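Residue-level structure breakdown
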Amino acid sequence: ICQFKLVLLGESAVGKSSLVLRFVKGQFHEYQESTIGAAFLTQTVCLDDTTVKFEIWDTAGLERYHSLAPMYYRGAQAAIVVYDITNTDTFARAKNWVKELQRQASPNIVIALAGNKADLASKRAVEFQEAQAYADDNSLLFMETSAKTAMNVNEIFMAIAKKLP
Ligand SMILES: Nc1nc2c(ncn2[C@@H]2O[C@H](COP(=O)(O)OP(=O)(O)O)[C@@H](O)[C@H]2O)c(=O)[nH]1
Ligand SMILES: [Mg+2]
């Protein structure tokens, strides 16, 4: 039985909570509350005879209060940095979050980059090619995801579970 704190980071409204709720609760909503606070969810996945138990922390308010972020990712063994593929600024912001984790999070943290809202590719602003090369250059797990269609949601968390010590 392995236990790992997993956190999500990214600009407001990229779909951090939606990804958690799809993975944990098999739910998606076009409306999602964004009220300041934190939720502690748990999700256990299995790999052979190994039980990977995620402690999933999801928070609202780190966009308003960026300097409080260290309180949130401290002790995190995994992080999902999320951007919205239809918003170039969220991708730039994701890169900042990745940089911060590299400088300030545990040195062995597993970081995945999630190109979210992939179901909205009609308005794509971030090319997968570019994000892929970025992730490769930084040794990041990377997938495009959708909380709405669940595309790659199971995949991204299983990949994290596999990459963890
Ligand atoms: N179409 C689509 N909408 C999404 C997706 N993920 C999140 N959203 C929407 O984006 C808005 C913000 O989502 P939320 O999970 O609260 O983002 P957060 O602030 O990062 O936690 C909500 O209206 C969601 O329904 C997705 O994969 N596809
Ligand atoms: Mg949220």
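Residues numbered from 1 in each chain as written, not as in the entry; some residues may be left out. Chains lettered and ligands numbered in written order. Heavy atoms only, no water. Residues with missing side-chain atoms left out of burial classes, pairs and counts.

Structure determination for this PDB entry is given in the record as X-ray crystallography, at a resolution of 2.20 Å.

**Digging into a nonpolar patch on the surface**
On the surface, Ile 36, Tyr 65, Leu 68 and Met 71 cluster together into a nonpolar patch covering about 420 Å² of accessible area. Mapping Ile 36 onto the fold places it in the loop between α1 (16–25) and β2 (37–47). (Patch = residues over 30% accessible without salt bridge, like charges linked within 9 Å, V, L, I, M, F, W, Y side chains within 5 Å. Areas by Shrake-Rupley, 256 points an atom, 1.4 Å probe, with all protein chains shown as cover. Salt bridge = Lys/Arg side-chain N within 4 Å of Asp/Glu carboxyl O. Helix = DSSP H or I, 4+ residues; strand = E, 2+ residues; numbered from the N terminus.)

**Here's the deal with the site of ligand 1**
Among the 19 residues in the neighbourhood of ligand 1, the closest are listed as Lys 16, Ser 18, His 29, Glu 30 and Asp 119. For ligand 1, an oxygen atom lies 3.1 Å from a polar atom in the backbone of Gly 15. Within the backbone of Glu 30, an N or O atom sits 2.6 Å from an oxygen atom of ligand 1. The fraction of the free accessible surface of ligand 1 (580 Å²) that becomes covered by protein chains is 87%. Of the pockets mapped on this structure, ligand 1 occupies the largest pocket. Ranked by residues supplied to the shell around ligand 1, first place goes to α1 with three residues. (Near = heavy atom within 4 Å. Polar contact = N/O pair within 3.5 Å; in protein donor to acceptor, adjacent residues only side chain to side chain. 1 Å grid on protein atoms, 1.4 Å probe; cavity = no way out; pocket = protein on both sides within 12 Å on 5 of 7 lines; lining within 4 Å. Sits in = over half its atoms within 2 Å of the grid points.)

**A word on the layout of surface pockets**
In this approach a probe as big as a water molecule rolls over the atoms, and the regions it shows empty are the leftover space. The calculated volume of the largest pocket comes to roughly 720 Å³. Breaking the lining of the largest pocket down by element, the ones donating at least two residues are β1 (2–9), α1, β3 (50–60) and α3 (88–104). Considered class by class, the residues forming the lining of the largest pocket number 11 nonpolar, 13 polar and 11 charged. Within this model, the second largest pocket holds a volume of roughly 210 Å³. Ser 17, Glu 33, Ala 38, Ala 39 and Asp 58 are, among the 16 residues lining the second largest pocket, the residues nearest its centre. Elements represented by at least two residues in the lining of the second largest pocket include exactly α1, β2 and β3. (Points joined across faces, edges and corners; volume = space filled by probe spheres on them. Nonpolar A, V, L, I, M, F, W, Y, C, P; charged D, E, K, R; others polar.)

**Side note on the pattern of salt bridges**
Evaluated as defined, the whole model comprises three salt bridges. Taking the shortest distance from any N to any O, the salt bridge between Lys 117 and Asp 84 comes out at 3.4 Å. Highlighted residues: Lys 117 in the loop between β5 (110–116) and α4 (128–137) and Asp 84 in strand β4 (residues 78–84), separated in sequence by 33 residues. What makes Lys 117 partly exposed here is its relative accessible area of 22%. (Buried < 20%, exposed > 50% of the residue type's maximum accessible area, 1.4 Å probe, protein only.)

**Looking at the UniProt feature "short sequence motif: Switch 1" in the protein**
UniProt annotation of "short sequence motif: Switch 1" refers to residues 27–39 when read in the numbering used here. Helix makes up 0% of residues 27–39 and strand 23%, and the two end C-alpha atoms of the span are 16 Å apart. (UniProt positions renumbered as here; feature names shortened; annotations may be inferred.)

**Remarks on the UniProt feature "binding site: Mg(2+)" in the protein**
In this structure's numbering, the residues bearing the UniProt feature "binding site: Mg(2+)" are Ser 17 and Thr 35. Spanning 19 residues, the annotated positions come together in the fold, the maximum distance between their C-alpha atoms being 11.2 Å. Lining the largest pocket, from the set of annotated residues above, are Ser 17. Note that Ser 17 resides in helix α1. For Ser 17, a relative accessible area of 21% translates into the label partly exposed. Setting aside its immediate chain neighbours within four residues, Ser 17 contacts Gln 32 and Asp 58. Structurally, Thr 35 is set in the loop between α1 and β2. We classify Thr 35 as exposed; its relative accessible area is 54%. (Contact = heavy atoms within 4.5 Å.)

**Section: the packing of aromatic side chains**
This model, assessed by the stated rule, comprises eight aromatic pairs. When the ring of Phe 40 is compared with that of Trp 57, the centres are 4.9 Å apart and the planes differ by 90°; the resulting orientation is edge-to-face. With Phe 40 in strand β2 and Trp 57 in strand β3, the pair connects residues that are 17 residues apart, well separated along the chain. On the numbers, 4.9 Å between centres and 35° between planes, the contact of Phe 128 with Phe 142 is tilted. With a gap of 14 residues between them, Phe 128 in helix α4 and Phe 142 in strand β6 (residues 141–144) connect regions that are remote in the sequence. With a relative accessible area of 33%, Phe 128 lands in the partly exposed category. (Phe/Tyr/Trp six-rings, centres within 6.5 Å; stacked < 30°, edge-to-face > 60°.)

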